[PDB]
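Below is the file input_21.pdb, which contains PDB, C-alpha atoms and all ligand atoms.
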```pdb
ATOM      1  CA  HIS A   1      -8.048 -14.956  15.267
ATOM      2  CA  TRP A   2      -7.161 -12.287  12.723
ATOM      3  CA  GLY A   3      -3.919 -10.313  12.930
ATOM      4  CA  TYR A   4      -0.954  -9.431  10.765
ATOM      5  CA  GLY A   5       1.175 -12.742  10.690
ATOM      6  CA  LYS A   6       1.633 -15.282   7.770
ATOM      7  CA  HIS A   7      -1.036 -17.311   9.257
ATOM      8  CA  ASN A   8      -3.689 -14.775  10.066
ATOM      9  CA  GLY A   9      -2.791 -11.615   8.128
ATOM     10  CA  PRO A  10      -4.581  -9.626   5.442
ATOM     11  CA  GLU A  11      -4.508 -12.356   2.846
ATOM     12  CA  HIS A  12      -6.606 -14.568   5.220
ATOM     13  CA  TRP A  13      -9.223 -12.084   6.429
ATOM     14  CA  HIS A  14     -11.736 -12.764   3.676
ATOM     15  CA  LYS A  15     -12.480 -16.223   5.111
ATOM     16  CA  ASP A  16     -14.113 -14.701   8.264
ATOM     17  CA  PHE A  17     -14.970 -11.325   6.718
ATOM     18  CA  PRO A  18     -16.026 -11.867   3.086
ATOM     19  CA  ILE A  19     -16.531  -8.100   2.468
ATOM     20  CA  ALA A  20     -12.680  -8.117   2.351
ATOM     21  CA  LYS A  21     -13.248  -8.682  -1.359
ATOM     22  CA  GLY A  22     -15.971  -5.986  -1.649
ATOM     23  CA  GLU A  23     -16.490  -3.009  -3.825
ATOM     24  CA  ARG A  24     -15.250  -0.206  -1.590
ATOM     25  CA  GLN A  25     -12.327  -1.630   0.406
ATOM     26  CA  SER A  26      -9.480   0.394   1.953
ATOM     27  CA  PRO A  27      -6.690   1.304   1.815
ATOM     28  CA  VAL A  28      -5.958   2.151  -1.844
ATOM     29  CA  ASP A  29      -3.111   3.533  -3.863
ATOM     30  CA  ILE A  30      -3.703   7.222  -4.533
ATOM     31  CA  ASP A  31      -2.652   7.792  -8.153
ATOM     32  CA  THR A  32      -2.081  11.564  -7.950
ATOM     33  CA  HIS A  33      -2.295  12.105 -11.694
ATOM     34  CA  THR A  34      -5.732  10.574 -12.021
ATOM     35  CA  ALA A  35      -7.270  12.002  -8.801
ATOM     36  CA  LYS A  36      -9.665  14.724 -10.011
ATOM     37  CA  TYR A  37      -9.438  18.221  -8.527
ATOM     38  CA  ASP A  38     -12.995  19.045  -7.382
ATOM     39  CA  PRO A  39     -13.446  22.814  -6.950
ATOM     40  CA  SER A  40     -16.837  21.994  -5.158
ATOM     41  CA  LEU A  41     -14.903  20.399  -2.199
ATOM     42  CA  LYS A  42     -14.678  22.639   0.889
ATOM     43  CA  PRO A  43     -11.803  23.287   3.198
ATOM     44  CA  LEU A  44     -11.736  20.672   5.887
ATOM     45  CA  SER A  45     -12.855  21.984   9.310
ATOM     46  CA  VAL A  46     -10.986  20.330  12.109
ATOM     47  CA  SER A  47     -12.188  21.625  15.480
ATOM     48  CA  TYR A  48     -10.076  19.969  18.169
ATOM     49  CA  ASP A  49      -9.819  22.854  20.733
ATOM     50  CA  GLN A  50     -12.001  21.129  23.320
ATOM     51  CA  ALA A  51     -10.877  17.565  22.772
ATOM     52  CA  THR A  52     -10.813  15.341  25.894
ATOM     53  CA  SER A  53      -8.467  12.466  25.657
ATOM     54  CA  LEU A  54      -9.062   9.840  28.284
ATOM     55  CA  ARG A  55      -6.941   6.716  27.892
ATOM     56  CA  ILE A  56      -4.478   4.874  25.711
ATOM     57  CA  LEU A  57      -5.042   1.122  25.015
ATOM     58  CA  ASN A  58      -2.902  -1.626  23.360
ATOM     59  CA  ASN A  59      -5.667  -3.644  21.725
ATOM     60  CA  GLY A  60      -3.279  -6.329  20.326
ATOM     61  CA  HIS A  61      -3.276  -4.793  16.788
ATOM     62  CA  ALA A  62      -2.278  -1.160  17.473
ATOM     63  CA  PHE A  63      -2.677   1.386  20.276
ATOM     64  CA  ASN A  64      -5.721   3.575  20.445
ATOM     65  CA  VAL A  65      -5.772   7.044  22.126
ATOM     66  CA  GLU A  66      -9.451   7.362  23.090
ATOM     67  CA  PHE A  67     -11.522  10.495  23.494
ATOM     68  CA  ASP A  68     -14.703  11.391  25.357
ATOM     69  CA  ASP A  69     -17.203  11.535  22.446
ATOM     70  CA  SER A  70     -20.343  11.959  24.691
ATOM     71  CA  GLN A  71     -20.599  15.614  23.605
ATOM     72  CA  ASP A  72     -19.624  17.771  20.474
ATOM     73  CA  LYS A  73     -16.020  18.539  21.595
ATOM     74  CA  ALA A  74     -13.547  17.457  18.890
ATOM     75  CA  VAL A  75     -15.324  17.412  15.502
ATOM     76  CA  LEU A  76     -14.575  17.113  11.815
ATOM     77  CA  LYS A  77     -16.806  18.721   9.220
ATOM     78  CA  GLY A  78     -16.735  20.423   5.839
ATOM     79  CA  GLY A  79     -14.431  18.953   3.301
ATOM     80  CA  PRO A  80     -16.487  16.311   1.421
ATOM     81  CA  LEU A  81     -18.697  15.628   4.544
ATOM     82  CA  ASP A  82     -22.312  16.476   5.128
ATOM     83  CA  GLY A  83     -22.966  17.040   8.798
ATOM     84  CA  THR A  84     -20.728  16.623  11.877
ATOM     85  CA  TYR A  85     -18.399  13.813  12.837
ATOM     86  CA  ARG A  86     -17.069  13.330  16.350
ATOM     87  CA  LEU A  87     -13.605  12.170  17.216
ATOM     88  CA  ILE A  88     -13.617   8.824  19.084
ATOM     89  CA  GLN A  89      -9.992   7.649  18.863
ATOM     90  CA  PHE A  90      -6.806   7.767  16.903
ATOM     91  CA  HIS A  91      -4.239   5.090  16.204
ATOM     92  CA  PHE A  92      -1.358   4.378  13.773
ATOM     93  CA  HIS A  93      -0.207   1.637  11.435
ATOM     94  CA  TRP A  94       3.602   1.258  10.950
ATOM     95  CA  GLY A  95       6.305  -0.937   9.601
ATOM     96  CA  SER A  96       9.257  -3.038  10.723
ATOM     97  CA  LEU A  97      11.439  -0.713   8.561
ATOM     98  CA  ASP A  98      11.170   2.956   7.602
ATOM     99  CA  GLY A  99      10.406   1.999   4.008
ATOM    100  CA  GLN A 100       6.942   0.589   4.754
ATOM    101  CA  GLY A 101       4.103   0.942   7.261
ATOM    102  CA  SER A 102       1.478   3.182   5.639
ATOM    103  CA  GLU A 103      -1.810   1.656   4.444
ATOM    104  CA  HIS A 104      -2.552   4.220   1.778
ATOM    105  CA  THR A 105       0.202   4.785  -0.766
ATOM    106  CA  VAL A 106       0.811   7.799  -3.058
ATOM    107  CA  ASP A 107       1.872   6.809  -6.587
ATOM    108  CA  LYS A 108       2.925   3.501  -4.945
ATOM    109  CA  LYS A 109       5.079   5.294  -2.333
ATOM    110  CA  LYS A 110       4.775   3.744   1.130
ATOM    111  CA  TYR A 111       5.394   5.951   4.118
ATOM    112  CA  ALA A 112       6.921   4.844   7.440
ATOM    113  CA  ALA A 113       3.540   4.969   9.216
ATOM    114  CA  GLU A 114       0.023   6.413   8.903
ATOM    115  CA  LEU A 115      -2.107   8.042  11.618
ATOM    116  CA  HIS A 116      -5.902   7.534  11.573
ATOM    117  CA  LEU A 117      -8.170   9.979  13.433
ATOM    118  CA  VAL A 118     -11.498   8.180  13.571
ATOM    119  CA  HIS A 119     -14.750  10.129  13.691
ATOM    120  CA  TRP A 120     -18.419   9.092  13.625
ATOM    121  CA  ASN A 121     -21.435  10.843  12.110
ATOM    122  CA  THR A 122     -23.510  12.294  14.939
ATOM    123  CA  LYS A 123     -26.747  11.681  12.964
ATOM    124  CA  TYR A 124     -26.378   8.034  14.009
ATOM    125  CA  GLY A 125     -26.145   8.614  17.729
ATOM    126  CA  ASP A 126     -23.113   6.461  18.539
ATOM    127  CA  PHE A 127     -20.173   4.747  16.924
ATOM    128  CA  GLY A 128     -21.682   1.222  16.950
ATOM    129  CA  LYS A 129     -24.684   2.380  14.930
ATOM    130  CA  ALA A 130     -22.560   4.554  12.674
ATOM    131  CA  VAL A 131     -20.341   1.676  11.444
ATOM    132  CA  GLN A 132     -23.436   0.027  10.008
ATOM    133  CA  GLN A 133     -24.058   3.013   7.640
ATOM    134  CA  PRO A 134     -22.333   3.930   4.348
ATOM    135  CA  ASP A 135     -21.666   7.494   5.615
ATOM    136  CA  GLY A 136     -21.137   6.454   9.256
ATOM    137  CA  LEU A 137     -17.446   7.321   9.713
ATOM    138  CA  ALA A 138     -14.877   9.872   8.513
ATOM    139  CA  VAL A 139     -11.291   8.817   9.006
ATOM    140  CA  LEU A 140      -8.621  11.530   8.614
ATOM    141  CA  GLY A 141      -5.383   9.843   7.508
ATOM    142  CA  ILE A 142      -1.972  11.510   7.863
ATOM    143  CA  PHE A 143       1.305  10.029   6.584
ATOM    144  CA  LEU A 144       4.416   9.899   8.782
ATOM    145  CA  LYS A 145       7.948  10.131   7.300
ATOM    146  CA  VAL A 146      11.086   9.779   9.334
ATOM    147  CA  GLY A 147      13.151  13.007   9.721
ATOM    148  CA  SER A 148      12.881  15.673  12.451
ATOM    149  CA  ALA A 149      10.957  14.719  15.617
ATOM    150  CA  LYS A 150       7.284  15.606  16.043
ATOM    151  CA  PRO A 151       7.210  17.297  19.442
ATOM    152  CA  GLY A 152       3.390  16.791  19.743
ATOM    153  CA  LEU A 153       3.913  13.013  19.407
ATOM    154  CA  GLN A 154       6.397  12.666  22.253
ATOM    155  CA  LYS A 155       3.755  12.343  25.023
ATOM    156  CA  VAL A 156       2.300   9.406  23.178
ATOM    157  CA  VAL A 157       5.686   7.774  22.670
ATOM    158  CA  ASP A 158       6.700   8.114  26.277
ATOM    159  CA  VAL A 159       3.635   6.267  27.633
ATOM    160  CA  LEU A 160       4.110   3.232  25.372
ATOM    161  CA  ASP A 161       6.328   1.295  27.764
ATOM    162  CA  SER A 162       3.294   1.302  30.195
ATOM    163  CA  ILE A 163       1.107  -0.395  27.553
ATOM    164  CA  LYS A 164       3.597  -2.826  26.067
ATOM    165  CA  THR A 165       1.356  -5.822  25.739
ATOM    166  CA  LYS A 166      -2.181  -6.613  24.493
ATOM    167  CA  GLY A 167      -4.940  -5.540  26.890
ATOM    168  CA  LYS A 168      -2.886  -2.932  28.807
ATOM    169  CA  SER A 169      -4.289   0.589  29.166
ATOM    170  CA  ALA A 170      -3.117   3.806  30.872
ATOM    171  CA  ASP A 171      -4.749   7.140  31.769
ATOM    172  CA  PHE A 172      -3.989   9.571  28.995
ATOM    173  CA  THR A 173      -5.667  12.869  29.676
ATOM    174  CA  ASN A 174      -5.056  16.321  28.305
ATOM    175  CA  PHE A 175      -3.464  15.112  25.074
ATOM    176  CA  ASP A 176      -3.983  17.666  22.255
ATOM    177  CA  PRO A 177      -4.285  15.947  18.859
ATOM    178  CA  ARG A 178      -3.723  19.322  17.109
ATOM    179  CA  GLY A 179       0.009  18.601  17.756
ATOM    180  CA  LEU A 180      -0.157  15.692  15.208
ATOM    181  CA  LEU A 181      -1.437  17.769  12.190
ATOM    182  CA  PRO A 182       0.749  19.045   9.317
ATOM    183  CA  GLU A 183       0.652  22.640   8.208
ATOM    184  CA  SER A 184      -1.612  22.178   5.216
ATOM    185  CA  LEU A 185      -5.118  20.583   5.173
ATOM    186  CA  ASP A 186      -5.020  19.816   1.473
ATOM    187  CA  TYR A 187      -6.450  16.323   0.945
ATOM    188  CA  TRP A 188      -7.640  13.478  -1.224
ATOM    189  CA  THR A 189     -10.991  11.805  -0.463
ATOM    190  CA  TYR A 190     -12.817   8.662  -1.572
ATOM    191  CA  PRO A 191     -15.438   6.226  -0.203
ATOM    192  CA  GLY A 192     -13.993   3.196   1.485
ATOM    193  CA  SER A 193     -13.913   0.845   4.525
ATOM    194  CA  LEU A 194     -12.364   0.055   7.829
ATOM    195  CA  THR A 195      -8.885  -1.296   7.134
ATOM    196  CA  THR A 196      -9.121  -4.013   9.824
ATOM    197  CA  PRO A 197     -11.866  -6.580  10.408
ATOM    198  CA  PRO A 198     -14.786  -6.262  10.267
ATOM    199  CA  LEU A 199     -13.789  -4.283   7.150
ATOM    200  CA  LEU A 200     -17.214  -2.517   7.071
ATOM    201  CA  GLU A 201     -17.803  -0.215   4.108
ATOM    202  CA  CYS A 202     -18.754   2.782   6.248
ATOM    203  CA  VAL A 203     -15.868   5.257   5.832
ATOM    204  CA  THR A 204     -15.408   8.522   3.963
ATOM    205  CA  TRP A 205     -11.600   8.656   3.814
ATOM    206  CA  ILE A 206      -9.861  12.040   3.886
ATOM    207  CA  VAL A 207      -6.072  11.582   3.385
ATOM    208  CA  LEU A 208      -3.896  14.680   3.846
ATOM    209  CA  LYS A 209      -1.272  15.333   1.187
ATOM    210  CA  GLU A 210       1.373  16.742   3.545
ATOM    211  CA  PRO A 211       3.027  14.146   5.761
ATOM    212  CA  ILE A 212       4.245  14.926   9.258
ATOM    213  CA  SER A 213       7.841  14.188  10.178
ATOM    214  CA  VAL A 214       8.679  11.976  13.174
ATOM    215  CA  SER A 215      12.114  11.023  14.352
ATOM    216  CA  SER A 216      13.687   7.638  13.940
ATOM    217  CA  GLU A 217      13.693   7.314  17.774
ATOM    218  CA  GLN A 218       9.909   7.995  17.958
ATOM    219  CA  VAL A 219       9.060   5.247  15.440
ATOM    220  CA  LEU A 220      11.530   2.863  17.033
ATOM    221  CA  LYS A 221       9.480   3.097  20.195
ATOM    222  CA  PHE A 222       6.330   2.153  18.277
ATOM    223  CA  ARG A 223       8.217  -1.003  17.188
ATOM    224  CA  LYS A 224       8.899  -1.972  20.752
ATOM    225  CA  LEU A 225       5.250  -2.618  21.467
ATOM    226  CA  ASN A 226       3.979  -6.145  21.444
ATOM    227  CA  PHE A 227       1.073  -7.869  19.724
ATOM    228  CA  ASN A 228       1.069 -10.581  22.438
ATOM    229  CA  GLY A 229      -0.264 -10.436  25.959
ATOM    230  CA  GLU A 230       1.876 -10.289  29.112
ATOM    231  CA  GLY A 231       3.505 -13.619  29.841
ATOM    232  CA  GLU A 232       3.398 -14.742  26.236
ATOM    233  CA  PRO A 233       6.240 -15.144  23.702
ATOM    234  CA  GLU A 234       7.223 -11.706  22.436
ATOM    235  CA  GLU A 235       5.883 -10.805  18.959
ATOM    236  CA  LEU A 236       6.906  -7.228  18.158
ATOM    237  CA  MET A 237       3.991  -5.010  16.992
ATOM    238  CA  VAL A 238       5.299  -4.117  13.541
ATOM    239  CA  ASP A 239       3.841  -4.273  10.038
ATOM    240  CA  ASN A 240       0.297  -3.786  11.269
ATOM    241  CA  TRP A 241      -0.878  -2.421   7.923
ATOM    242  CA  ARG A 242      -3.200  -3.746   5.229
ATOM    243  CA  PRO A 243      -1.843  -3.394   1.679
ATOM    244  CA  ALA A 244      -3.611  -1.390  -1.031
ATOM    245  CA  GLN A 245      -6.852  -2.912  -2.341
ATOM    246  CA  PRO A 246      -8.494  -2.690  -5.785
ATOM    247  CA  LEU A 247      -9.986   0.733  -6.502
ATOM    248  CA  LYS A 248     -12.846  -0.862  -8.496
ATOM    249  CA  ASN A 249     -15.572   1.570  -9.410
ATOM    250  CA  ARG A 250     -14.265   4.583  -7.405
ATOM    251  CA  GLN A 251     -13.006   8.118  -8.049
ATOM    252  CA  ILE A 252     -10.452   9.753  -5.767
ATOM    253  CA  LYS A 253     -11.016  13.516  -5.527
ATOM    254  CA  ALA A 254      -8.436  16.179  -4.674
ATOM    255  CA  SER A 255      -9.196  19.368  -2.733
ATOM    256  CA  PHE A 256      -6.276  21.159  -4.409
ATOM    257  CA  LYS A 257      -4.597  22.076  -7.749
TER     258      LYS A 257
HETATM  259  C1  LIG B   1     -18.381  -2.765  14.422
HETATM  260  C2  LIG B   1     -17.107  -2.427  15.132
HETATM  261  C3  LIG B   1     -17.113  -2.062  16.469
HETATM  262  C4  LIG B   1     -15.896  -1.767  17.068
HETATM  263  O1  LIG B   1     -15.835  -1.435  18.254
HETATM  264  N1  LIG B   1     -14.784  -1.838  16.351
HETATM  265  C5  LIG B   1     -14.813  -2.192  15.071
HETATM  266  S1  LIG B   1     -13.282  -2.274  14.159
HETATM  267  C6  LIG B   1     -12.311  -1.219  15.219
HETATM  268  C7  LIG B   1     -12.554   0.234  15.018
HETATM  269  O2  LIG B   1     -13.305   0.926  15.721
HETATM  270  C8  LIG B   1     -11.802   0.777  13.896
HETATM  271  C9  LIG B   1     -11.087  -0.122  13.109
HETATM  272  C10 LIG B   1     -10.340   0.335  12.036
HETATM  273  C11 LIG B   1     -10.321   1.692  11.763
HETATM  274  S2  LIG B   1      -9.369   2.284  10.411
HETATM  275  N2  LIG B   1      -7.845   1.456  10.438
HETATM  276  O3  LIG B   1     -10.096   2.035   9.109
HETATM  277  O4  LIG B   1      -9.137   3.761  10.655
HETATM  278  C12 LIG B   1     -11.029   2.590  12.551
HETATM  279  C13 LIG B   1     -11.776   2.132  13.626
HETATM  280  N3  LIG B   1     -15.961  -2.482  14.470
HETATM  281 ZN    ZN B   2      -6.349   2.558  10.975
END
```
Just give me the structure of the file as structure tokens.
Amino acid sequence: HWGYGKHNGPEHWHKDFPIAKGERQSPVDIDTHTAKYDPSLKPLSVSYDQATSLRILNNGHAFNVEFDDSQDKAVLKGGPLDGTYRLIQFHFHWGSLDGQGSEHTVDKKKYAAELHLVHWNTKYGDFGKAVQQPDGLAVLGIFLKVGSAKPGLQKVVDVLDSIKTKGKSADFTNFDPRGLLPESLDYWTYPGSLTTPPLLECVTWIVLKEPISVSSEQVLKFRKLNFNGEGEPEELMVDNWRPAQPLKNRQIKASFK
């Protein structure tokens, strides 16, 4: 039922998922002047050398590039995290226009898109158990602006016409997510939630300050995907982002300055 239209978009989700109005919802606006530099925060450790991508899936909301997370191969640690979080998938949220699409904002600035690399805390054994814990997930968020192409994104873009509609998947092996990272790992972090239903409050968010640049042609191909299934009226997959939610009783911390 839920999605991103007038009839079933973010402003409706609370009726099936009442935590939509909870105390630690995501995304948020990152007010860079009031984020506190925390000299106790560690460099993030992103260890993606042995990542094993398997498949890419249009799930009707976004596309997910999925990884084999049955061993400790692509892991996030350090930063604000205790313990070791394993990469399970990444996906993006993007707009119908270059001036919107990100979920997080920075001093109210929206970016053209935002990439989420989703990781789960290995102390909980698997992703389905982790989402039921307040420290179950760590999502690394990276902003996309439109400018020069991102060469490490092109393999993803070029497979999208094979997964145009909801429910389609394609083999997607040997994809290296290190090609999607900016140069700096400086970040903001705060406790929050999944940004789509079920909206569970299980995520430590780590949002990088440096955006990556993608070309206008790369994001135009994201906007050619469809939310609908094959044989249904075409609804372009655009504007699949949740707007910023109330910060409430939270403190965003900065790893830098
Ligand atoms: C309990 C449960 C199980 C599941 O398979 N998916 C979900 S929601 C989908 C999901 O895995 C997910 C959703 C949103 C985000 S986000 N947009 O916060 O990074 C990350 C992962 N919830
Ligand atoms: Zn997301």
Would you mind telling me which residue in A:126, A:98, A:11, A:114 lies nearest to residue A:220 when using all atoms listed in the file?
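Using all atoms listed in the file, residue A:220 sits closest to A:98.
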May I have the residues within 9 Å of ligand LIG 1 (chain B), computed using only C-alpha atoms and all ligand atoms, as an MDAnalysis selection string?
chainID A and resid 26:27 88:93 103 115:119 127:132 137:141 192:200 203 205 241:242
Taking (-2.9, -7.4, 25.2) in the coordinates of the supplied file, I want to know which residues reach to within 10 Å of it, counting all atoms listed in the file; could you give the answer as a short mmCIF file (atom, residue, chain, number, x, y, z; two decimals) with C-alpha atoms, keeping the file's coordinate frame?
```cif
data_model
loop_
_atom_site.label_atom_id
_atom_site.label_comp_id
_atom_site.auth_asym_id
_atom_site.auth_seq_id
_atom_site.Cartn_x
_atom_site.Cartn_y
_atom_site.Cartn_z
CA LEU A 57 -5.04 1.12 25.02
CA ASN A 58 -2.90 -1.63 23.36
CA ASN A 59 -5.67 -3.64 21.72
CA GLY A 60 -3.28 -6.33 20.33
CA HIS A 61 -3.28 -4.79 16.79
CA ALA A 62 -2.28 -1.16 17.47
CA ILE A 163 1.11 -0.40 27.55
CA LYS A 164 3.60 -2.83 26.07
CA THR A 165 1.36 -5.82 25.74
CA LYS A 166 -2.18 -6.61 24.49
CA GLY A 167 -4.94 -5.54 26.89
CA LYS A 168 -2.89 -2.93 28.81
CA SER A 169 -4.29 0.59 29.17
CA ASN A 226 3.98 -6.14 21.44
CA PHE A 227 1.07 -7.87 19.72
CA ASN A 228 1.07 -10.58 22.44
CA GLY A 229 -0.26 -10.44 25.96
CA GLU A 230 1.88 -10.29 29.11
CA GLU A 232 3.40 -14.74 26.24
#
```
Taking into account only C-alpha atoms, which residue in the set A:212, A:207, A:252, A:180 is nearest to residue A:156?
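Nearest candidate to residue A:156 out of A:212, A:207, A:252, A:180: A:180.
Neighbouring residues of residue A:175 at 8 Å or closer, counting only C-alpha atoms and skipping chain neighbours under 6 positions away, are residues 52, 53 and 155 of chain A.
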Return as JSON the centre and edge lengths, in Å with one decimal, of the box along x, y and z that encloses every atom of stretch 63-78 of chain A in the file, padded by 6 Å per side.
```
{"center_x": -11.6, "center_y": 10.9, "center_z": 15.6, "size_x": 29.9, "size_y": 31.0, "size_z": 31.5}
```
